[PDB]
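The chain below stands alone and is given in structure tokens; this is the form deposited without its partner chain.
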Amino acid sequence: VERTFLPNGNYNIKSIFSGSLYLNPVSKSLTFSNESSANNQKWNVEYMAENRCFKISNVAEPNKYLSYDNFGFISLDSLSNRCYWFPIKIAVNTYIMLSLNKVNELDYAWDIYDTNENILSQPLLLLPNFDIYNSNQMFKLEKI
């Protein structure tokens, strides 16, 4: 039963820079790659009532969640308070994804670097967030 603006379930995750690139793990990093139709591009979003956040696990590795490391990268790890995400919906299914925890006493958010809107081979990082207008912090969650 629905508690929030983002229903529980399986999603693809995309950067607004590209409608043809999909979030998946590559080694220990997260990156956006060509469509594979595989489970590793599928993400299970689950609302957590107690803290009003979302945990997001990889369907191919369902005991691993999107988290972040001590080096500024998003990671795929076992459950911890680093796995709680606080989304800000800014358009149809466009979101900014804040870490639940303040980091370095700021909001920090998923951030993908672009070179003239090209994100190929970039790792997804966790970087400061100041507002809702940073294109590198905008992500599409597409139910599928």
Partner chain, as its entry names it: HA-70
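Numbering follows the first chain given and starts at 1. Note that the rigid core is defined as the largest set of C-alphas that superpose within 1.5 Å between two forms. Only residues modelled in both forms are compared.
The next section is about a form of this same protein that is not shown, the form solved in complex with its partner chain.
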Fill in: 4.5 angstroms heavy atom contact with its partner chain in the entry with it bound for residue 138
yes
Worksheet item: Counting only non-hydrogen atoms and a 4.5 angstroms cut-off, does residue 59 reach its partner chain in the entry with it bound?
Response: no
Practice prompt. Please run the contact check for residue 94 against its partner chain in the entry with it bound: heavy atoms, 4.5 angstroms, yes or no?
Written response: yes
Item to complete: Look up in the entry with it bound whether residue 3 has a non-hydrogen atom within 4.5 angstroms of its partner chain, and give yes or no.
Response: yes
Item to complete: Tell me, with the core superposed, which single residue in 103, 48, 119, 88 has its C-alpha moved by at least 2 Å between the shown form and the other one.
Response: 103
Worksheet, complete the sentence: On a rigid core fit between the shown form and the other one, runs of three or more residues in which every CA shifts by 2 Å or more occupy 2-4, 103-105
